[PDB]
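Only one chain is included here, represented as structure tokens and corresponding to the form deposited in one PDB entry.
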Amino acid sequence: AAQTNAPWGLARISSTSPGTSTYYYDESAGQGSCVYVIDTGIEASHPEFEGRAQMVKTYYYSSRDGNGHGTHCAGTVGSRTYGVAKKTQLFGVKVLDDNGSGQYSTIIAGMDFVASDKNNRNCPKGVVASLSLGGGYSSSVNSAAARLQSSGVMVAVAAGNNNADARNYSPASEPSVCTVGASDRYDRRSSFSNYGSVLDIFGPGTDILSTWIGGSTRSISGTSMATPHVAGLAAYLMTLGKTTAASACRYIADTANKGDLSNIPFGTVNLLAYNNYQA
């Protein structure tokens, strides 16, 4: 299948070179996989989700996304027009309030929730979690991410938007998960993206168009935007049977576009997520 006039980041992960505008993908489109979006929530009634999204847990007074971040990033995972894996099932877990903030104790509880809730869901091709959040280093937050990964969930996390070494941020600095940096449409590291030896992969992160609350759309930038491209790609590749939750991050790094990015400091991987699609 091919989506013409696609958002640049979708086209970028289906191409060996920048500057294309078609997103090529296998029709299976992540069907049978499930992706938890752990964020501000999901506006599940947005037409772009086609009924494939639902809120399963909130830690505040409502389940509604009053912010937009969670709806945006879920749309990059699996909305019809803006998503990588267009037939996946999306579950929302609201660990951030409508101002986009959350306590570490709540974030940890949300990850432990996913590790157990997945056992109650029908996800025959596997389970992914997308965490576009982060803050200062916390061994307790890292441990919670490691637990989620160990339980059988492919965990993708943002490297952070500080233009610094990701070793000082959590859960980015936890080695056992998939830590995602951000790139722009000209194959430069996004000027805000963290770096360091703990990064596993880069994905598109500058000027990412996706769903927004109020049934709308908008374009925003961050490593928070890059992470759902990798989460969607993992769900897409697990549905195809090419990899599992335990090895998906390694498989994506193995099959990435290598050496394409500019302004990558020595010691950081030069790997850009790529779906290797051949019609």
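Residue indices: 1-based, along the sequence shown.
What comes next is about the form deposited with a partner chain bound, which does not appear here.
- Picking from 44-52, 221-229, 25-33, 237-245 the stretch near the partner chain in the deposited bound form, with a 4.5 Å limit on heavy atoms, gives 221-229.
- The partner chain is not shown here, and in the deposited bound form it never comes within 4.5 Å of any heavy atom of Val153.
- Put simply, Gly110 is far from the partner chain in the deposited bound form: not one heavy atom of it is within 4.5 Å.
- Mapping the unseen interface onto this chain, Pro124 falls outside it, with no heavy atom inside 4.5 Å of the partner chain in the deposited bound form.
- Among heavy atoms of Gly102, some come within 4.5 Å of the partner chain in the deposited bound form.
- Only one of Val93, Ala158, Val84, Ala129 comes within 4.5 Å of the partner chain in the deposited bound form through a heavy atom, and that residue is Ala158.
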